[PDB]
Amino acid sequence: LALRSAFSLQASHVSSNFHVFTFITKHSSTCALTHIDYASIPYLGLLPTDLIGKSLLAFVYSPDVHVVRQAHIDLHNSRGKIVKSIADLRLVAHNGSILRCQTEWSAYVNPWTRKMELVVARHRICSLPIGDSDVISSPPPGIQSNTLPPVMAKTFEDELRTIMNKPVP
(Lines of atoms letter the chains of each structure in order from A and count residues from 1; the text may use other names and numbers.)
(Lines give C-alpha, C1' and ligand atoms only; values in the text may rest on other atoms or scores of the structure.)
Protein backbone atom coordinates (compact mmCIF):
# COMPACT_ATOMS: atom_id res chain seq x y z
CA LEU A 1 0.00 0.00 0.00
CA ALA A 2 1.46 3.30 -1.15
CA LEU A 3 1.09 6.42 0.96
CA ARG A 4 0.54 9.54 -1.13
CA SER A 5 0.31 13.29 -0.61
CA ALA A 6 -3.05 15.05 -0.72
CA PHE A 7 -1.94 16.83 -3.90
CA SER A 8 -1.03 13.49 -5.49
CA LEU A 9 -4.32 11.85 -4.45
CA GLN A 10 -6.20 14.39 -6.60
CA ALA A 11 -5.31 12.53 -9.80
CA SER A 12 -7.28 9.46 -8.71
CA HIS A 13 -9.94 11.38 -6.66
CA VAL A 14 -11.14 13.91 -9.23
CA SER A 15 -14.22 15.12 -7.28
CA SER A 16 -12.73 15.51 -3.79
CA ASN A 17 -12.00 18.85 -2.13
CA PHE A 18 -8.62 18.17 -0.52
CA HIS A 19 -8.18 21.82 0.51
CA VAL A 20 -11.25 21.39 2.76
CA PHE A 21 -9.98 19.38 5.73
CA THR A 22 -9.79 19.32 9.56
CA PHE A 23 -7.89 16.95 11.83
CA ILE A 24 -7.43 16.36 15.57
CA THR A 25 -4.34 15.98 17.73
CA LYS A 26 -4.44 14.86 21.38
CA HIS A 27 -1.87 14.93 24.15
CA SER A 28 -1.69 14.27 27.87
CA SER A 29 -0.43 16.45 30.73
CA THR A 30 3.13 15.23 30.17
CA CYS A 31 2.84 16.93 26.73
CA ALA A 32 3.18 13.44 25.21
CA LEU A 33 1.09 13.10 22.06
CA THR A 34 -1.40 10.23 22.22
CA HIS A 35 -3.34 10.80 19.00
CA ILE A 36 -3.30 12.19 15.49
CA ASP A 37 -5.89 11.38 12.82
CA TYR A 38 -4.48 9.01 10.22
CA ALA A 39 -6.30 11.11 7.59
CA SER A 40 -3.66 13.80 8.28
CA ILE A 41 -0.90 11.64 6.78
CA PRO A 42 -1.37 12.98 3.20
CA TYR A 43 -1.22 16.49 4.68
CA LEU A 44 1.74 16.28 7.11
CA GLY A 45 3.44 12.99 6.22
CA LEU A 46 3.88 12.21 9.94
CA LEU A 47 3.54 8.60 11.15
CA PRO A 48 2.70 7.42 14.70
CA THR A 49 6.29 6.17 14.87
CA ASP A 50 7.55 9.70 14.10
CA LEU A 51 5.63 10.96 17.13
CA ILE A 52 5.95 8.28 19.85
CA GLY A 53 7.43 10.12 22.82
CA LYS A 54 7.18 13.67 21.43
CA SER A 55 4.90 16.64 22.00
CA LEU A 56 3.15 18.93 19.51
CA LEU A 57 6.35 21.01 19.56
CA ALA A 58 8.07 18.33 17.47
CA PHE A 59 6.27 19.67 14.38
CA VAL A 60 4.95 23.17 15.22
CA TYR A 61 6.49 25.96 13.13
CA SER A 62 8.97 27.30 15.66
CA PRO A 63 7.84 30.96 16.03
CA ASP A 64 4.23 29.74 16.41
CA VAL A 65 4.81 27.88 19.71
CA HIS A 66 3.38 30.89 21.54
CA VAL A 67 0.03 29.95 19.97
CA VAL A 68 0.27 26.63 21.79
CA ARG A 69 1.44 28.16 25.08
CA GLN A 70 -1.38 30.69 25.20
CA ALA A 71 -3.89 27.97 24.29
CA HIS A 72 -2.93 26.00 27.41
CA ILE A 73 -3.20 29.13 29.59
CA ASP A 74 -6.58 29.99 28.04
CA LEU A 75 -7.75 26.39 28.62
CA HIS A 76 -6.76 26.47 32.30
CA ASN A 77 -9.00 29.54 32.68
CA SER A 78 -11.90 28.19 30.61
CA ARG A 79 -11.86 24.85 32.49
CA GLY A 80 -11.54 22.99 29.18
CA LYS A 81 -14.27 24.69 27.13
CA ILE A 82 -13.45 25.56 23.51
CA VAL A 83 -10.83 28.29 23.21
CA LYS A 84 -9.62 30.02 20.07
CA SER A 85 -6.00 30.46 19.12
CA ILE A 86 -4.47 33.94 19.24
CA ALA A 87 -3.14 33.50 15.67
CA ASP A 88 -2.77 30.88 12.96
CA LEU A 89 -0.87 27.71 13.86
CA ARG A 90 1.69 26.56 11.29
CA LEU A 91 2.84 22.94 11.29
CA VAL A 92 5.95 21.51 9.64
CA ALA A 93 5.35 18.47 7.46
CA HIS A 94 7.82 15.59 7.32
CA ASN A 95 9.45 17.01 4.17
CA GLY A 96 9.87 20.52 5.58
CA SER A 97 6.83 22.07 3.90
CA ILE A 98 4.69 24.35 6.05
CA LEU A 99 0.96 23.78 6.66
CA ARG A 100 -0.90 26.81 8.02
CA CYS A 101 -3.94 25.97 10.17
CA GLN A 102 -6.69 27.57 12.18
CA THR A 103 -6.89 25.69 15.44
CA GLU A 104 -9.43 25.44 18.24
CA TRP A 105 -8.61 23.88 21.60
CA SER A 106 -10.46 21.70 24.10
CA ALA A 107 -9.35 20.12 27.38
CA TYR A 108 -10.57 17.42 29.77
CA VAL A 109 -10.41 18.36 33.45
CA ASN A 110 -10.30 15.45 35.88
CA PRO A 111 -13.06 16.32 38.39
CA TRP A 112 -11.21 14.73 41.38
CA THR A 113 -7.73 16.21 40.94
CA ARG A 114 -9.21 19.27 39.14
CA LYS A 115 -6.30 19.24 36.69
CA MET A 116 -6.25 19.17 32.90
CA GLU A 117 -5.39 15.65 31.77
CA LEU A 118 -6.13 15.74 28.04
CA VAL A 119 -5.72 18.55 25.54
CA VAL A 120 -7.52 18.18 22.22
CA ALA A 121 -6.84 20.43 19.23
CA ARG A 122 -8.89 20.64 16.01
CA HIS A 123 -6.77 21.95 13.12
CA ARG A 124 -8.46 23.44 10.01
CA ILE A 125 -5.98 23.77 7.14
CA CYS A 126 -5.90 26.99 5.12
CA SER A 127 -4.45 25.23 2.05
CA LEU A 128 -2.03 22.55 0.94
CA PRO A 129 1.41 23.29 2.47
CA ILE A 130 3.88 25.64 0.80
CA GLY A 131 6.98 23.88 -0.47
CA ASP A 132 7.22 20.64 -2.35
CA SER A 133 3.82 18.94 -2.26
CA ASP A 134 5.19 15.45 -1.48
CA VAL A 135 5.03 15.60 2.30
CA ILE A 136 5.52 11.81 2.35
CA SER A 137 9.12 12.34 1.20
CA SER A 138 12.16 13.04 3.33
CA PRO A 139 13.27 16.65 3.63
CA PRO A 140 16.12 17.83 1.38
CA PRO A 141 19.65 17.90 2.84
CA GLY A 142 20.64 21.49 3.72
CA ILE A 143 17.28 22.80 4.96
CA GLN A 144 17.07 25.02 8.03
CA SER A 145 15.27 23.42 10.97
CA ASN A 146 11.91 25.17 11.25
CA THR A 147 10.93 23.59 14.60
CA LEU A 148 12.26 24.40 18.06
CA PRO A 149 15.72 23.05 18.85
CA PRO A 150 15.63 20.39 21.60
CA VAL A 151 16.71 22.72 24.43
CA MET A 152 13.88 25.16 23.65
CA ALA A 153 11.35 22.36 23.13
CA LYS A 154 12.19 21.11 26.63
CA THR A 155 11.92 24.69 27.96
CA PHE A 156 8.44 25.26 26.51
CA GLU A 157 7.29 21.72 27.39
CA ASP A 158 8.40 22.25 31.02
CA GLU A 159 6.14 25.31 31.22
CA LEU A 160 3.16 23.49 29.68
CA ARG A 161 3.48 20.71 32.29
CA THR A 162 3.53 23.38 35.01
CA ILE A 163 0.40 25.04 33.56
CA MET A 164 -1.46 21.73 33.35
CA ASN A 165 -0.33 20.59 36.82
CA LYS A 166 -2.03 23.57 38.45
CA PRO A 167 -5.56 22.91 39.76
CA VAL A 168 -8.16 24.55 37.55
CA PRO A 169 -9.60 27.51 39.54
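Note that residue numbering begins at 1 and tracks the sequence as displayed.
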Take the C-alpha B-factors listed in the entry for 9-17 and for 151-159, compute each mean, and give the stretch with the larger one.
-> 9-17
Given 133-141 and 26-34, the range whose Cα B-factors average higher in the PDB entry = 133-141
Mind checking which third residue 56 falls in for C-alpha B-factor across the chain?
-> lowest
Residue 63 CA temperature factor, ranked by third within the chain | middle
Mind checking which third residue 107 falls in for C-alpha B-factor across the chain?
-> middle
By its CA B factor, does residue 48 count among the lowest, middle or highest third of the modelled residues in the chain?
-> highest
Quick one: classify residue 124 as lowest, middle or highest third of the chain based on its Cα B-factor.
-> middle
